[PDB]
């Protein structure tokens, strides 16, 4: 479905390390990140999205409108400037972040009370699954 609203709790997280390594995240912050609980809160009204990812130590919040390019500065991730664009490819929510890294972005599939998330950077894909709280 297109409706991604909800509080989403992580069920699984595969190749998180490899993805963070492809983004050049400090080996320090990687070790912290693998231990922290991650809650994904999405607020969706029409084309307008507010996404908040929250750990005990890190917040990653981004707001966007589907179909409208936006400049992004990944301050609490790898601290790069990208040109981001989120679109629908059928029911798949796709994000393409143009910049230094190739193949960079993420795809979200909402299947009922499950959310599947693939994050990509270079030749690395991290695969996550959340359950609606």
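Positions refer to the first chain, counted from 1.
Checked against the record, the higher mean CA B factor of 26-34 and 74-82 lies with 26-34.
When the two stretches 87-95 and 47-55 are set side by side, the higher mean Cα temperature factor goes to 47-55. For residue 9, the recorded CA B-factor ranks within the middle third of the chain. Only modelled residues enter the ranking.
Compared with the other modelled residues of the chain, the Cα B-factor recorded for residue 2 ranks in the highest third. In this PDB entry, residue 100 carries a Cα temperature factor that places it within the middle third of its chain's modelled residues. In this PDB entry, residue 127 carries a Cα temperature factor that places it within the lowest third of its chain's modelled residues.
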